[PDB]
């Protein structure tokens, strides 16, 4: 069964589409949930039809109690705020991190901690 409360220290990953074809969209996921961002929905948490994005562009994952991004050697390269990510390198996501992938697709990283305010 198991039915309690439990206190999470990992903030939810909220990908806000600041730019791209989805510009104006936003998603939310739980901590420890890999978010494979690609072009085709097929086997992917998020799919963007910006062309610049490939089926298996990159994948998003967490590390224990943090968020990290990894560029699956995409055909172009991923940008973070103002730095090109690497395939053989993993960076830790933050609060207000802009992910510029594809051609003109930007994703904002927002850490949602707690129930929707209101």
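Numbering (my numbering), first residue to last: 10 to 127. Where is the CB? At the ideal position from N, CA and C, for every residue including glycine.
- Euclidean distance between Cα positions of residue 76 and residue 98: 14 Å
- Query: What residues in its chain sit with their C-beta under 7 Å from that of residue 106, if we drop five residues either side in the sequence?
  - Reply: 89, 90 and 118
- Query: Just to confirm, are residue 28 and residue 87 a CB contact at a threshold of 8 Å?
  - Reply: no
- C-alpha gap between residue 23 and residue 38, whole angstroms: 6 Å
- Query: Tell me, which residues are paired with residue 47 by DSSP?
  - Reply: 56
- Simplified DSSP state of residue 65, which is helix, strand or coil: coil
- Query: What are the residues that DSSP puts in a beta bridge with residue 114?
  - Reply: 110
- Query: According to DSSP, which residues form a beta bridge with residue 70?
  - Reply: 77
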